[PDB]
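Down below is the structure, laid out as structure tokens.
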Amino acid sequence: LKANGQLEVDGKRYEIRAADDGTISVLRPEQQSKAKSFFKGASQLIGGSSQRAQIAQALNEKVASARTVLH
Amino acid sequence: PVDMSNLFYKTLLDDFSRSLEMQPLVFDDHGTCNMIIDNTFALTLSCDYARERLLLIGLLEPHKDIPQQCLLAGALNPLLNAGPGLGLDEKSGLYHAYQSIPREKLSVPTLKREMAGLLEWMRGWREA
């Protein structure tokens, strides 16, 4: 049930991992600070960030509810 | 009420994760999915629900002495071939690479192709 996906496209294979604090620590240390700054700001980049977050949080709640129906 | 059509992005992301044969990637409560690729690149997928588009956003790392004129030529790339763009974020002082995919055009192969495109663009800039 692996954490590391393999994206294959156009004769290339890329390893994908979710970016949590653990996975950031594995970057070279000289890369980590900018990566952290990038990730911290990324969700605020697009105009209308407040409203987008309100929508996202509501959708995720609905997803959690659908899971409860199954269980 | 909640506009359930806005779960389209999650559904796609689930299908992408299944293709990648991996534990499902998720959007957080800001509508973003942060990823590290090849222990090297920082990439985020961001849902812009209001504008019906998915954004692919990457951290660029140009040489400190790449002339700003070169980066501004790069900035025209979307016009030239509908490929990724770049710009400066003034909050962070960091250069960002980006691609937008309208909801109408999203699919698992399109997302794969566009992510690889973005990555190779990032790769080119980092070593230019």
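Each chain gets a letter, A, B and so on, in the order its sequence line appears, and its residues count up from 1.
- Counting heavy atoms from C-beta on, the side chains of A:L45 and B:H96 come closer than 4.5 Å.
- Across A:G47, A:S50, A:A58, the residue that shares the most heavy-atom pairs under 4.5 angstrom with chain B is A:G47.
- Heavy-atom proximity under 4.5 angstrom to chain A picks out B:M115, B:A116, B:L119, B:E120, B:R123, B:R126 from residues 115-128 of chain B.
- Across B:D28, B:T44, B:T32, the residue that shares the most heavy-atom pairs under 4.5 angstrom with chain A is B:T44.
- Note that the CD1 atom of A:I46 and the CG atom of B:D48 stand 5.0 Å from one another [nearest 0.5 Å].
- Checked by atom type and distance alone, the side chain of B:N39 pairs as donor or acceptor with a backbone atom of A:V26 at under 3.5 Å.
- The minimum heavy-atom distance linking B:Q23 with A:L1 is given by the pair CB-O, 4.1 Å.
- At a threshold of 4.5 Å between non-hydrogen side-chain atoms, the residues B:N34 and A:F38 do not count as touching.
- B:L56 and A:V9 end up in the same hydrophobic cluster when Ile, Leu, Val, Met, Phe, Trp and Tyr side chains are linked at under 4.5 Å.
- Atom CD of B:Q68 sits in a sparse spot, with 12 or fewer heavy atoms from other residues, nucleotides or ligands closer than 6.0 Å.
- Listed here is the closest heavy atom pair of A:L59 and B:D3: CD2-O, 3.9 Å.
- B:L20 contributes atom CG, which lies 8.0 Å from atom NZ of A:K2 (distance to the nearest 0.5 angstrom).
- Note: the hydrophobic cluster containing B:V26 does not contain B:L7 (ILVMFWY, side chain heavy atoms under 4.5 Å, direct or indirect links).
- Considering every non-hydrogen atom in both B:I36 and A:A19, the closest pair reads CG1-CB, 4.0 Å.
- By the neighbour-count criterion of 12 heavy atoms within 6.0 Å, atom CD of B:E21 is sparsely surrounded, having that number or fewer from other residues, nucleotides or ligands.
- Looking at every heavy atom in both residues, B:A42 comes nearest to A:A35 through CB-CB, 4.5 Å.
- If you measure heavy-atom distances from B:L25 to chain A, the contacts under 4.5 Å come from the side chain alone.
- Counting heavy atoms from C-beta outward, A:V63 and B:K10 have side chains that approach closer than 4.5 Å.
- A distance of 13.0 Å separates CG in B:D29 from CZ in A:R52, rounded to the nearest 0.5 Å.
- Put simply, B:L13 and B:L55 are part of two different groups of oily side chains (I, L, V, M, F, W, Y) that touch within less than 4.5 Å, one to the next.
- With values rounded to the nearest 0.5 angstrom, A:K12 atom NZ is found 13.0 Å from B:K112 atom NZ.
- Taken from NE2 in B:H30 to CD in A:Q57, the straight-line distance is 8.0 Å, to the nearest 0.5 Å.
- Looking at B:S17, neither its backbone nor its side chain comes within 4.5 Å of chain A, counting heavy atoms on both sides.
- With a 4.5 angstrom heavy-atom cutoff, A:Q44 touches chain B via backbone and side-chain atoms both.
- Open room surrounds CD on B:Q69; 12 or fewer heavy atoms of other groups in view lie less than 6.0 Å from it.
- For B:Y9, no part lies near chain A; criterion is any non-hydrogen pair under 4.5 Å.
- Ranked by heavy-atom pairs under 4.5 Å with chain B, the first of A:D10, A:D20, A:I24, A:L27 is A:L27.
- Residues of residues 78-95 of chain B lying within less than 4.5 angstrom of chain A, judged on heavy atoms, are B:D89, B:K91, B:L94 in numerical order.
- Across every non-hydrogen atom of A:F39 and B:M35, the tightest pair is CZ-O, 3.3 Å.
- One distance of note links CG of B:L60 with NZ of A:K34; it measures 11.0 Å at 0.5 Å rounding.
- Of the two parts of B:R18, neither the backbone nor the side chain holds a non-hydrogen atom closer than 4.5 Å to a non-hydrogen atom of chain A.
- Of all heavy-atom pairs spanning A:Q31 and B:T40, the tightest one is NE2-O, 3.3 Å.
- Residues B:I57 and B:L59 share a hydrophobic cluster, clusters being chains of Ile/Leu/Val/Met/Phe/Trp/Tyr side chains in contact below 4.5 Å.
- In this structure, the side chain of A:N4 does not engage the main chain of B:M22 through any donor-acceptor pair within 3.5 Å.
- By the rule that hydrophobic residues join a cluster once side-chain heavy atoms approach within less than 4.5 Å of another member, A:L7 and B:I101 end up as members of one cluster.
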